[PDB]
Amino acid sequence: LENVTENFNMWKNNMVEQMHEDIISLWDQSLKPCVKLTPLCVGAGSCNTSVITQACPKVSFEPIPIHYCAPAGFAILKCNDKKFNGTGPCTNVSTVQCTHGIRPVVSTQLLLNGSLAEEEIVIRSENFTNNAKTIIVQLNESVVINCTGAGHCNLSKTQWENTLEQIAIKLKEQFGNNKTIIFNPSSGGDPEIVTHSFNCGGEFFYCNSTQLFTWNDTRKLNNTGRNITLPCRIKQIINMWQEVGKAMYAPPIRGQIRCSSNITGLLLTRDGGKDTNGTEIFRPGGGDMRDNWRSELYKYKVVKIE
């Protein structure tokens, strides 16, 4: 550990933007659409769409862990604490060569294969007061989730029920104990944000996460169900996360696509409610892959040599 006190701000961390831009370029030479459409305006309202048609090679895009080592004239500083807001003065900081192996998983609503919370479930937010700022949840115990191009994902109803609890409890432990915690599905928006979207085998899965976010701080949902089955769908025409615009990928082909990932975290986003009675409603969120990266770099910060 480094014997000094420094400031950290994962919400304004620059490595996030440095990885994000990398992960995008890690996408332009691995997953290339058959056609990519992107807004093109002079400002005069009228906006032509810039079209691009390239080969559409079916590649089973399988993410490789990524390290981030400071070159020279630069040093990475890691924060150490069982519960770090990731936005303030860190006491147990410590210089490191490369950040832990991170598997740049691009997804929405659920953070897959990320890094678990050592102690307990932690939830960071650039401002919990602002019903506009994504709440990044960090699970201390991942929940396996298996998706298949066959059309769905299975999740443990047990583990997910617990998780919502040990999350619902960490929420009120920030918005007011004497406050009811509820979970509802997406409010609306793009398919990629409304469902738990992500990529598996180069196939863009779109799983309906209603059964994962319709939890009332009162009842249950395990009648005749051992596992939660999200009705997933693979799309060819998708909205790009790298930049405003659609993109069409070629249909599936491999006799079988399969994924078994660790739900290591979520991206929630409680609704304003305009100071109404203690009844905070949290819904799935994300779509801004940087929050993802953040959830992984929340305790890092590269700095110039002295």
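Note that residue numbering begins at 1 and tracks the sequence as displayed.
When the two stretches 216-224 and 164-172 are set side by side, the higher mean Cα temperature factor goes to 216-224. Once the C-alpha B-factors are averaged per stretch, 56-64 and 266-274 rank with 56-64 first. When the C-alpha B-factors of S209, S156, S115, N80 are ranked from the entry, the top spot goes to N80.
Of all the options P191, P104, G88, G201, the entry's greatest CA B-factor is assigned to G88. Sorting the modelled residues of the chain by their CA temperature factor places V42 in the highest third. Ranked against the other modelled residues of its chain, the C-alpha B-factor of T180 as given in the entry falls in the highest third. Annotation for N9: C-alpha temperature factor in the highest third relative to the rest of the modelled chain, per the entry. Among all modelled residues in this chain, the alpha-carbon of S50 has a temperature factor (C-alpha) in the middle third. Ranked within its chain, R258 lands in the middle third, by CA B factor from the PDB record.
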